[PDB]
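K.L.:
Chains as they are written, first to last, in the authors' numbering: chain A, 22 to 298; chain D, 23 to 297; chain C, 22 to 297; chain D', 23 to 297; chain B, 21 to 298. A prime marks a further copy of an entry chain.
Each residue gets a CB set at the ideal place from its N, CA and C atoms; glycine is no exception.
#1: As a quick exercise: from 214(B), 157(B), 227(B), 243(B), pick the residue whose alpha carbon is nearest that of residue 195(D').
#2: Here's a check: name, in chain order, each residue in its chain whose Cβ is nearer than 6 Å to the Cβ of residue 107(D'), leaving out the five neighbours to either side.
#3: Please confirm whether residue 102(D') and residue 127(D') have their CB atoms less than 8 Å apart.
#4: Would residue 194(D') count as contacting chain B if we go by Cβ distances under 8 Å?
#5: Kindly list, in the order they appear in chain B, the residues whose Cβ is closer than 8 Å to that of residue 179(D').
#6: Just the chain E side, please: which residues come within less than 9 Å of residue 32(C) by C-beta, in chain order?
#7: Does the separation of the CB atoms of residue 151(D') and residue 230(D') fall below 8 Å?
#8: Is the CB-CB distance between residue 91(D') and residue 64(D') below 8 Å?
#9: Assuming residue 266(D) contacts residue 55(D) (C-beta within less than 8 Å), just tell me the rounded distance between them.
#10: Could you give the first and the last residue of the continuous alpha helix (DSSP H) run that contains residue 174(A)?
#11: Rounding to the nearest angstrom, what Cα-Cα distance links residue 113(A) and residue 89(A) in this structure?
#12: Could you list which residues in chain D' have their beta carbon closer than 8 Å to that of residue 213(B), in chain order?
#13: So, does the region 266-278 of chain C touch the region 67-76 of chain D, judging by three or more C-beta pairs under 8 Å?
#14: Using a Cβ cut-off of 7 Å, which residues of the region 142-176 of chain B contact any Cβ in chain C, in chain order?
#15: Any idea what DSSP makes of residue 211(B), helix, strand or coil?
#16: Going by alpha carbons, who is nearest to residue 76(A) out of 41(A), 82(A), 66(A), 83(A)?
#17: State yes or no: is the beta carbon of residue 252(B) nearer than 8 Å to at least one beta carbon in chain A?
#18: Strictly under 8 Å for the Cβ-Cβ distance: is residue 282(A) near chain C by that measure?
#19: Residue 223(C) and residue 216(C) look like a contact to me (Cβ under 8 Å); what is the Cβ gap, rounded to whole Å?
#20: Quick one: grab the DSSP three-state call for residue 22(D).
#21: Tell me whether residue 23(C) is buried or exposed, calling it buried when 16 or more other Cβ atoms sit within 10 Å of its Cβ.
#22: For residue 153(D'), count neighbouring Cβ atoms within 10 angstroms of its own Cβ and tell me buried if that reaches 16, exposed if not.
#23: Run through the region 74-114 of chain C for me and flag every whole alpha helix (DSSP H) of 4 or more residues, listed as ranges in chain order.
#24: Could you tell me whether any Cβ in chain C is nearer than 8 Å to the Cβ of residue 77(D)?
#25: For residue 118(C), report the span of its beta strand (DSSP E) as first-last.
#26: Hey, out of 238(D), 116(D), 129(D), whose CA is closest to residue 201(A)'s CA?
#27: Name the two residues that bound the continuous beta strand (DSSP E) containing residue 200(C).
#28: Which runs of the alpha helix (DSSP H) fall wholly inside the region 38-80 of chain A and span at least 4 residues, in chain order?
#29: Considering only DSSP beta bridges, list what residue 166(D') is partnered with.
#30: Note the first and the last residue of the continuous beta strand (DSSP E) segment covering residue 251(D).
#31: Run the CB neighbour count on residue 206(A), radius 10 Å, all protein chains shown included, and call it buried at 16 or more, exposed below.
#32: Contact defined as beta carbons within less than 8 Å: I believe residue 93(A) pairs with residue 59(A). What is the distance between those atoms, to the nearest angstrom?
#33: Given a threshold of 16 other Cβ atoms within 10 Å of its Cβ, counted over all protein chains shown, does residue 288(A) qualify as buried or as exposed?
#34: Comparing the C-beta of residue 285(C) with each C-beta of chain D, is any distance below 8 Å?
#35: Are the C-beta atoms of residue 115(C) and some chain D' residue less than 8 Å apart?
#36: Between the Cα of residue 186(C) and the Cα atoms of 162(C), 171(C), 221(C), 253(C), which residue gives the shortest distance?
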């Protein structure tokens with residue numbers, strides 16, 4: 022199936038960090054740090070949060086600048102439900118579209134029918150039900166999301182534990198109870214059973230939301246994620262190039278505290294961020 | 023395979039299924055022209071009136087009914103009572119009806135019906151519920167109103183609902199179907215199967231409060247595939263004449279002249295209860 | 022340890038049916054039909070429901086009559102918290118005390134300290150948390166309880182699925198998340214980990230509450246219980262003797278539908294029961 | 023002086039006090055081994071069942087009971103009815119029990135018990151209440167559950183509460199005792215007396231729902247000094263055998279073998295009521 | 021014999037001490053000079069985290085190394101609650117204690133760090149006995165009974181110390197049979213509830229923390245039964261940090277000597293002003 026081919030392609034991103042970039046300078050810094058891909062958007066989430074205004078797909082000119090700037094995969098964000106923003110991005114010839122809750126929602130009731138596209142999609146989730154609905158709409162990769170643009174890992178941790186926790190519950194569930202589990206998740210039964218049989222999400226699952234330090238990036242990996250997104254934590258810090266590299270190494274070496282010490286040491290000022298509580 | 027069971031239930035299209043509590047009532051139904059009999063302990067109108075815990079009938083009573091007729095024999099099991107369904111299947115009947123008229127045995131889960139060889143009937147009140155039962159392995163749906171009142175109102179409501187949501191679904195923007203499945207709390211693939219087919223993927227019968235021939239013909243004109251009658255026949259003044267009249271109404275549902283002749287002088291319809 | 026020895030004694034009842042008896046006649050019927058034990062009490066749960074009034078430990082005279090009337094283990098019931106009733110029962114020389122919610126509660130805040138006794142205790146539960154609390158207090162056998170005295174098996178199914186489902190959740194759970202799990206259960210952490218490592222309850226788990234028919238009894242076994250209690254469903258029914266044997270057979274041959282048809286065939290009236 | 027009355031009540035430790043309505047019941051209790059009899063109009067289970075205003079017994083009936091026995095004779099007065107207590111004291115009985123089982127005569131104030139020569143019993147449900155009664159001049163406390171139901175549950179609750187608060191108080195930071203007295207709404211000096219003593223400053227008996235020997239022994243094992251039994255004996259099938267059995271249980275409360283022999287074949291316990 | 025009990029013994033060595041939050045090598049020196057039993061490295065003192073907002077995390081490993089190099093007394097550092105990777109890093113630096121601290125921004129709302137997986141001992145905060153005992157079952161070797169953070173107001177430290185200690189005294193004379201229910205009500209492990217009953221004290225070292233601003237405050241915590249105190253803001257948000265640090269240390273050591281308490285309090289400079297929240 023072409024869906025299973027898209028799911029197959031994203032497997033290459035395991036062990037990696039995907040970095041949000043707003044220009045070609047940010048893209049090249051991300052590639053040099055060892056990012057597995059770049060994510061082109063208008064403004065980083067912390068800026069979107071602070072400034073407000075309507076956040077949309079980036080000008081295609083800018084996306085073309087980022088694409089010619091690097092040889093790693095280039096991803097770009099479209100507003101939820103804005104299938105025309107997605108058609109434009111596809112036609113530009115990038116590698117993934119992230120239908121992203123950080124941009125301004127364009128359709129509160131429906132997401133993009135992602136099966137109508139040739140190129141693979143990333144979607145956000147906060148729980149298993151949401152993940153499975155995005156996958157059924159045709160998302161080839163999942164981003165388990167915390168708080169966007171605060172530098173606070175708390176919600177990312179909550180959502181990763183929730184998704185992974187329901188998968189472990191599901192794994193051992195009495196088959197006869199799975200119909201009601203599916204109902205309760207409002208997720209498609211066949212995808213729930215597929216999740217049960219595999220003992221993991223049927224697609225690549227990354228963490229996002231508030232990853233600010235190498236320690237945060239490694240934590241996500243130890244909680245069972247395949248990789249991480251970093252939106253704000255790199256380009257809102259005092260030394261983006263160094264910090265980018267440290268986070269990449271943290272994800273590569275997530276179970277090595279000696280290395281985690283080394284890459285974390287003398288990194289300069291992290292993004293101050295915001296404590297919402 | 024599930025399609026075999028679904029195919030079997032097609033044979034019942036155009037028929038009336040008559041609840042029976044003993045072999046005398048069983049013979050009355052077959053002679054009256056029923057497409058099948060349904061063995062249960064007490065008719066739903068008596069379960070309502072009397073209370074107590076309503077369970078699967080004693081296997082000996084089901085064996086007697088099975089002897090007494092050549093038409094398909096169905097029996098009822100309590101929702102979620104998978105061992106009751108094992109016993110019914112072991113006896114050799116033709117369908118199990120996992121029925122809400124009996125006393126619920128599991129509030130959160132129905133029977134995993136795909137583990138059985140013989141077909142199941144399940145109840146529903148809406149499309150979402152139908153599709154959940156079907157995914158569990160029901161080969162036939164009963165669209166249910168009120169049990170044991172002789173009042174057709176909730177049957178009319180639920181039949182209009184199931185069918186109305188199917189007509190909505192047929193013409194729906196494909197892109198909106200994912201959310202529609204979320205909202206129905208139903209499996210997406212069954213929603214699309216229903217969409218492409220343009221009708222329920224399994225046989226749909228009306229049930230609950232069918233008391234007169236007019237009621238039965240009404241259900242068929244609303245688009246059902248047949249009707250169940252529980253109380254309407256054996257809580258009436260003359261069961262045998264009334265049963266034949268309902269069978270005739272279901273078979274000739276669009277013939278007013280016929281409906282007049284069969285409804286003419288039928289004796290007392292069941293008492294019933296307005297709520 | 023003394024506690025493990027009590028747990029071993031109750032383990033010998035696996036595959037069995039424990040029947041409530043109020044006199045010596047019933048106790049003989051239960052033994053003939055093949056019960057693993059009898060449970061002596063004043064009135065069967067359905068009669069306690071219908072009649073009301075305070076329900077206590079049975080007269081020790083009645084218990085002795087039952088004890089000498091049979092050769093299978095003898096159990097008797099004490100009110101929750103009534104540690105003196107339990108003292109008396111142990112002094113009569115019976116085999117188990119069931120600290121039972123069917124009797125009138127004597128202490129709302131505290132159960133009996135069951136560790137202070139020689140003979141093993143049965144306690145009821147509705148969820149995993151509660152089972153584990155009872156086991157920590159010294160219960161050697163757990164009765165997962167539904168509705169008492171109704172012939173309706175619905176709550177017993179609920180509570181059996183609850184307990185078993187929490188145990189299954191617990192098996193794959195991230196170890197780091199077990200501390201909070203134990204807090205939420207209001208359960209001792211060591212017992213939660215013990216449950217995790219075993220993948221089952223640390224003691225015998227029987228179903229009780231509304232088992233009216235052989236189908237009911239076998240359902241409990243297929244959901245994974247070690248055995249069943251039958252309180253009203255035999256002695257509030259048409260033919261107690263025959264229904265009792267049929268239930269023993271259902272438990273012994275729970276996954277054999279041909280046997281279940283056979284023993285279910287022509288049993289006379291089950292208990293009327295009440296729906297709610 | 024108050025210590026004389028408190029000292030007198032010590033003599034009752036280890037005993038059972040039996041409510042009686044006539045001289046026949048009075049003789050039954052003394053022969054059965056009661057440490058005292060309590061004269062009242064109707065046993066609490068009949069007051070509950072029947073209603074009406076429950077007052078002090080007629081002095082003639084109390085005189086008859088006083089004649090009929092040599093053990094201490096107590097009688098009940100309505101809460102706050104100080105003239106009832108004057109009459110009882112004038113008759114020459116040994117204790118007055120200002121009892122909540124009778125119909126309350128003053129909702130805001132109890133009897134000033136220090137104005138009487140003879141000792142008073144008062145009820146309580148908690149330590150704070152005990153200490154208030156004691157300050158008013160009660161020489162003995164009855165820790166009370168439910169009157170007239172044969173259900174020990176509230177007795178167990180209140181006995182655990184009184185004793186638990188005493189065990190808490192014993193080990194309490196001295197500096198926190200002032201606030202603890204504020205919270206109990208109890209006199210600070212009595213709270214400290216209770217603290218230093220490590221137990222109630224007056225005799226504490228359990229009462230309310232004591233129906234079987236096991237119940238009586240349970241109260242003693244919880245730390246009481248004796249038990250009252252109102253309904254449990256004279257609403258039972260055999261009062262005389264049951265009374266002796268309760269006396270024996272109270273005297274031999276830590277002997278299971280004994281409790282078996284005395285509870286063995288006692289006939290019907292009182293009906294009672296679950297609430 | 022056991023790994024945990026050895027960790028508990030390490031923490032015992034700190035009885036009678038004052039642990040001082042330090043944010044750099046200078047403050048760390050000030051603390052050792054003044055007689056601190058240990059230093060606690062963190063990014064900003066609690067009063068600054070309160071006033072400034074922002075996400076607060078583990079200090080840069082570099083800053084911790086600079087603090088560790090500047091002193092010979094034990095070095096503690098703080099990690100966010102649930103952030104087990106921060107703690108791995110802190111352990112790999114080779115410090116002596118980790119404080120899973122509620123002053124830093126929470127990283128995991130439902131779960132604390134599994135502290136038995138570490139070699140070095142942990143401190144955790146609590147506001148009641150139930151909490152303390154849960155932290156201990158997770159592997160905390162030392163408990164900090166916490167009041168308000170960064171206000172210089174001792175009120176909530178007093179409440180929390182009285183609550184924990186009060187509940188410990190409640191257990192002493194408690195009927196053994198009622199303990200199961202008490203354990204349920206505390207949402208604590210039964211075995212630690214009984215161990216607390218048998219000891220008549222907390223099974224691990226208990227310090228006070230939160231709003232300790234003056235020598236009188238410090239001695240008050242000791243007089244209430246604490247084994248020592250933490251001071252964050254009180255020293256380094258005051259007029260004379262170095263003299264105030266020594267005074268507090270002296271007040272903890274001589275907590276039942278009013279004459280000394282007078283001597284050490286006399287002419288101390290501006291105390292931290294702080295804030296009254298009620």
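P.N.:
According to the structure shown:
#1: 243(B)
#2: 99, 118, 133
#3: yes
#4: yes
#5: Simply none; closest approach about 12 Å.
#6: You won't find chain E in this structure, because its protein chains are A, D, C, D' and B.
#7: no
#8: no
#9: 6 Å
#10: Taken as a continuous stretch (DSSP letters only), residue 174(A) belongs to no alpha helix (DSSP H), as it is neither H nor E.
#11: 12 Å
#12: Near residue 213(B) there are no residues of chain D' at all, since even the closest Cβ is about 16 Å away, more than 8 Å.
#13: no
#14: 154, 157, 158
#15: helix
#16: 66(A)
#17: no
#18: no
#19: 6 Å
#20: Residue 22(D) is absent from the model: chain D starts at 23 and stops at 297.
#21: exposed
#22: buried
#23: 81-89, 104-113
#24: yes
#25: 117-121
#26: 129(D)
#27: Element bounds for residue 200(C): not the beta strand (DSSP E) but the alpha helix (DSSP H), 199-206.
#28: 45-54, 66-72
#29: 229(D')
#30: 248-251
#31: buried
#32: 7 Å
#33: buried
#34: yes
#35: no
#36: 221(C)
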